[PDB]
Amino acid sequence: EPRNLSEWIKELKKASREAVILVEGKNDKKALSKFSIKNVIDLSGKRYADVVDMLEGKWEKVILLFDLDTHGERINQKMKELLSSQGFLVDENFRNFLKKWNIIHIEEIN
């Protein structure tokens, strides 16, 4: 749907009122904050189960936004499997959309 990064960010912000965004680092969270996207959880420094416990009974959907490099893909797969196993709806549409553009690290949006 989005034609450019600007529209992608607008759509992500709207979606963030209905689902939590998961990223790897604090800097990824900061980059999103600049675009007024605040409903974000950074994984580094947390057990995977900590994310589950934080979302339980509060959010049903999670938007996965890990980097598009090998490191990010492994984490993406791990969290996708974990969250789905715990009953959460996993949204990969936003991350998959970025695969068509020249970007690897979410931090690049800043």
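One rule holds for the numbers: they count along the sequence shown, beginning at 1.
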Review point. So which stretch wins on mean C-alpha B-factor, 51 to 59 or 36 to 44?
Key: 51 to 59
**Study point:** Lowest, middle or highest third - CA B-factor, residue 102
**Key:** highest
**Study point:** CA B-factor ranking of residue 31, expressed as a third of its chain
**Key:** middle
Check your understanding: Within this chain, which third does the Cα B-factor at residue 95 fall in: lowest, middle or highest?
Key -> lowest
Review point. Where does residue 80 sit by CA temperature factor within its chain: lowest, middle or highest third?
Key: lowest
